[PDB]
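Enquirer: In the working numbering, the protein residues as written are 96 to 526. Every residue, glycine too, gets a C-beta built ideally from N, C-alpha and C.
(1) Tell me the rounded alpha-carbon separation between residue 433 and residue 411.
(2) Quick check: the stretch 497 to 516 against the stretch 369 to 388, are at least 3 beta-carbon pairs closer than 8 Å?
(3) How many whole angstroms separate the CB atoms of residue 219 and residue 208, which I take to be in contact at a CB cut-off of 8 Å?
(4) Please report how far the alpha carbon of residue 167 lies from the alpha carbon of residue 190, in whole angstroms.
(5) Taking the C-alpha atoms as reference points, what is the distance between residue 346 and residue 468?
(6) Could you tell me the distance, in whole angstroms, from the CA atom of residue 113 to the CA atom of residue 237?
(7) Leaving aside the five residues before and after residue 348 along the sequence, list all residues of the same chain whose C-beta is less than 8 Å from its C-beta, in chain order.
(8) Would you check if the distance between the CB atom of residue 444 and the CB atom of residue 296 is smaller than 9 Å?
(9) Any heavy atom of the ligand GDP closer than 8 Å to the beta-carbon of residue 466?
(10) Specify whether the stretch 128 to 145 and the stretch 167 to 184 touch according to this definition: at least 3 beta carbon pairs, one from each stretch, less than 8 Å apart.
(11) Buried or exposed: which applies to residue 108, given that a residue is buried once 16 or more other Cβ atoms fall within 10 Å of its Cβ?
(12) What separation, rounded to the nearest whole angstrom, lies between the Cα atoms of residue 212 and residue 229?
(13) Between the stretch 243 to 253 and the stretch 272 to 288, are three or more C-beta pairs nearer than 8 Å?
(14) Taking the CB atoms as reference points, tell me whether residue 441 and residue 450 lie closer together than 9 Å.
(15) For the beta strand (DSSP E) that contains residue 506, what are its first and last residues?
(16) What is the C-beta distance between residue 281 and residue 421, in whole angstroms, given that I count them as a contact (C-beta under 8 Å)?
(17) Give the DSSP-derived three-state secondary structure of residue 291 in the structure shown.
(18) Let me check understanding here. Comparing Cα to Cα, which of 156, 390, 356 lies closest to residue 453?
(19) Pick from 231, 461, 102: whose alpha carbon is nearest that of residue 155?
(20) Let me check understanding here. Comparing Cα to Cα, which of 284, 383, 197 lies closest to residue 497?
(21) Around the Cβ of residue 398, are there at least 16 other Cβ atoms within 10 angstroms (buried) or fewer (exposed)?
(22) With 16 other CB atoms within 10 Å as the buried threshold, where does residue 464 fall?
(23) Residue 188 and residue 300: beta carbons closer than 9 Å?
(24) To which residues does DSSP link residue 213 through a beta bridge?
(25) My assumption, with CB atoms under 8 Å, is that residue 303 sits in contact with residue 466. Please give the rounded CB distance.
(26) For residue 435, count the other beta carbons within 10 Å of its own beta carbon; 16 or more makes it buried, fewer makes it exposed. Which is it?
(27) Are residue 251 and residue 98 close, meaning C-beta to C-beta below 9 Å?
(28) Would you tell me roughly how many angstroms separate the C-alpha atoms of residue 120 and residue 159, rounded to the nearest one?
(29) Using DSSP with H/G/I as helix, E/B as strand and the rest coil, what is residue 416?
(30) Taking C-alpha atoms, which residue in 476, 204, 483, 308 lies nearest to residue 375?
(31) Roughly how many whole angstroms lie between the Cα atoms of residue 185 and residue 206?
(32) Can you give me the C-alpha to C-alpha distance between residue 225 and residue 448, rounded to a whole angstrom?
(33) Rounded C-beta distance between residue 522 and residue 486? I'm assuming under 8 Å.
(34) Can you tell me which of the three DSSP states residue 117 falls into?
(35) Is the beta carbon of residue 343 sitting closer than 9 Å to the one on residue 150?
(36) Per DSSP, which residues does residue 481 bridge with? Please list them.
Given below as structure tokens:
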């Protein structure tokens, strides 16, 4: 049975700096106030914040982050999300540094329902180099899904108002989750987005602290003080030329609240990665993010892959998580066996292809909400901003970027300004 859904989605984009938790919270309440006063404001059903939204990101040592960690149901990030959720009767999702009872540290995203109750806590699964500075653990459950009960957000197709409830299957992916494992795995594994497709996820939520490529990441540069000093001068000039302090922009809010301006489809060029034009998205990253969701994108060649059964072995052979992942540290050939083929195996995909269909996502819908922070840290690291909302429409009739019309760019913030974007998103699910 086809069910139409309408969700009001609000994304908050922040430039948090380490040691400014109280200031970032104040700016957050300032943004939310401005949002409610917008001419085309409507109450959000869900509000999504970035990775480490209140704390800053580039922690260099366990001792430096310890004053900012919290239990999943205590502390500034939880209390903020609970207050927001009660004031807007919505789901609120925020990234925060977590500590558990056993003194283990994670990079996490907590989820609070409209009643102010914490219904989920997701831990980052693929870690970035920075997490290794402070002993961050991998999520021992690997990628996870969870239900979100939305009240009065759905209707049958011939009905005229969104008066029915719906439980959507959701998944959170925190920044690096979208990348090849450790940047070492094959690009074409598309681990996170394959997982979402495999598990028929409908609402994909991504708190991020994702870099613009002007950032200094070359390891030899980072560990040669002379090369590093020279590199830092380059970034300093790039911020100064933009009329910004080195940490980037704070407190000047770009608001796109309830408008329907879509983001222009653009191929990545040798200029789309430049840190200029703070109110425009980084289209190098927008295109790359879209590419990392390849299994959700229409691609003509899948018909040949399926016809020739070219991916059957890849499909049967793929494991739930990378073999060396935390998942298996404590969790555990259908061809040459008398075990039957289970439903779950028939749900599995590689490159978007399943055992049963050339393109498993074909004819389906999914919504992607990406909340990326902006600003700069350590004089080396420039975050890409460009938070946005996307619809994968599952339609046929093959570019690997924003030119591909099976994805809809419902709206983005700029690469450099704090702010907020609200979009009403309409899509279908089947029940």
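Expert: Looking at the atomic coordinates:
(1) 15 Å
(2) Contact between the stretch 369 to 388 and the stretch 497 to 516 is present, because at least three Cβ pairs lie under 8 Å.
(3) Wrong, their Cβ atoms sit about 22 Å apart, outside the cutoff.
(4) Residue 167 and residue 190: Cα-Cα distance of roughly 10 Å.
(5) 13 Å
(6) About 28 Å.
(7) 125, 126, 129, 512, 513, 514, 515
(8) no
(9) In terms of ligand content, the structure shown is empty, and the ligand GDP therefore cannot be addressed.
(10) yes
(11) Around the beta carbon of residue 108, a 10 Å sphere encloses 16 or more other beta carbons of the protein chains shown; the residue is thus reported as buried.
(12) 29 Å
(13) no
(14) yes
(15) 502 to 507
(16) So it is not a contact: roughly 20 Å between Cβ atoms.
(17) helix
(18) 390
(19) 231
(20) 383
(21) exposed
(22) buried
(23) Residue 300 is positioned such that its CB atom lies closer than 9 Å to that of residue 188.
(24) DSSP output for residue 213 lists 207 as bridge partner(s).
(25) 7 Å
(26) Exposed.
(27) yes
(28) 20 Å
(29) coil
(30) 483
(31) When rounded, the separation of the alpha-carbon atoms in residue 185 and residue 206 is 10 Å.
(32) If I take the Cα positions, the gap works out to 34 Å.
(33) 6 Å
(34) helix
(35) no
(36) Paired residue(s): none; residue 481 is not in a bridge.
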